[PDB]
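Numbered according to PDB author numbering, the sequence shown spans residues 1 to 107. Beta carbons: idealized from backbone N, C-alpha and C, even for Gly. Here's the structure we're looking at; comments come further down.
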Amino acid sequence: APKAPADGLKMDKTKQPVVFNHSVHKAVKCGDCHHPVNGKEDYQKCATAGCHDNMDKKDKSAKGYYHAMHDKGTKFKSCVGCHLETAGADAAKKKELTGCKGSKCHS
Ligand code: HEM
Ligand code: HEM
Ligand code: HEM
Ligand code: HEM
């Protein structure tokens, strides 16, 4: 099977890069993130050409990179969407896990 990479990976397609740590996410199935495409979990980088390669942050299509990391109501939970559910009503966790600045994603 594909193996989880080391912690400390940088997502740096944008001027607001974010560090992603697989170990913290080990209770999430791999294929919730590396989701099926044409019936097979796809482990390519998310912004591979033909994937989430649209770097317009207002785009809401299946190519919109920002959309795939931030929005609710998506077919697979996004970073922010899952974090909102995790934080629940806890305001401190909302800031830490979902804040647009001063959060664990963005300084
Ligand atoms: C589950 C144990 C699991 C596996 C296996 C896995 C693999 C994996 C690989 C091989 C990479 C590197 C891709 C590359 O070629 O650079 C990678 C990268 C990311 N992953 Fe992952 N991953 C597993 C689990 C999870 C889970 C549960 C999530 C979502 C909460 C997730 C997310 C990511 C992200 C984001 C990246 C970086 C990709 C990018 O920036 O394009 N992974 N993973
Ligand atoms: C990389 C780990 C990665 C992430 C993160 C990601 C997220 C993502 C979301 C949140 C959706 C749902 C969007 C919605 O509006 O419903 C989604 C959907 C699709 N993706 Fe994706 N995706 C990641 C990786 C990849 C890769 C590597 C590809 C291209 C091979 C890709 C493609 C697509 C496609 C197509 C969709 C729509 C799927 C469907 O409707 O069944 N994603 N992704
Ligand atoms: C989407 C690519 C994504 C990112 C980015 C991300 C980041 C992230 C950070 C920065 C933390 C805090 C710990 C750390 O520094 O690593 C964190 C914590 C949790 N996450 Fe996450 N996360 C992304 C995606 C997802 C998805 C899609 C889910 C749920 C399906 C998820 C869940 C969690 C959980 C649970 C934690 C731990 C929360 C806590 O309070 O410690 N993340 N993630
Ligand atoms: C709060 C809802 C919030 C905002 C607003 C926000 C903005 C933001 C911007 C402007 C970018 C850059 C987009 C571009 O193309 O210029 C960006 C990028 C990423 N973000 Fe974000 N972001 C908000 C919150 C969060 C949170 C809480 C997380 C982590 C759960 C997160 C994650 C990401 C990821 C991943 C990226 C892409 C990093 C990269 O590849 O450079 N955002 N965000």
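Helix, strand or coil at residue i according to DSSP, with G and I counted as helix
| i | result |
| --- | --- |
| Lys94 | helix |
| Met11 | strand |
| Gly31 | helix |
| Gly50 | coil |
| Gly102 | coil |
| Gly39 | coil |
Own chain partners of residue i with C-beta closer than 7 Å, once the 5 adjacent residues on each side are dropped
| i | result |
| --- | --- |
| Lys94 | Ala87 |
| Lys10 | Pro17, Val19 |
Proximity of residue i and residue j at Cβ, strictly below 8 Å
| i | j | result |
| --- | --- | --- |
| residue 108 | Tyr65 | Residue 108 lies beyond the residue range present for the chain, which begins at 1 and ends at 107; the question has no answer from this structure. |
| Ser78 | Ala68 | yes |
| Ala1 | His22 | no |
| residue 111 | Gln44 | Because the chain is modelled from 1 through 107, residue 111 falls outside the range shown and cannot be assessed. |
Cutoff 6 Å; reference residue i; Cβ partners in own chain excluding five residues on either side
| i | result |
| --- | --- |
| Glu41 | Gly31, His34 |
Same chain, Cβ closer than 8 Å to residue i, five either side skipped, listed in chain order
| i | result |
| --- | --- |
| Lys13 | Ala47, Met55, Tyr65 |
| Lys60 | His67, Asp71 |
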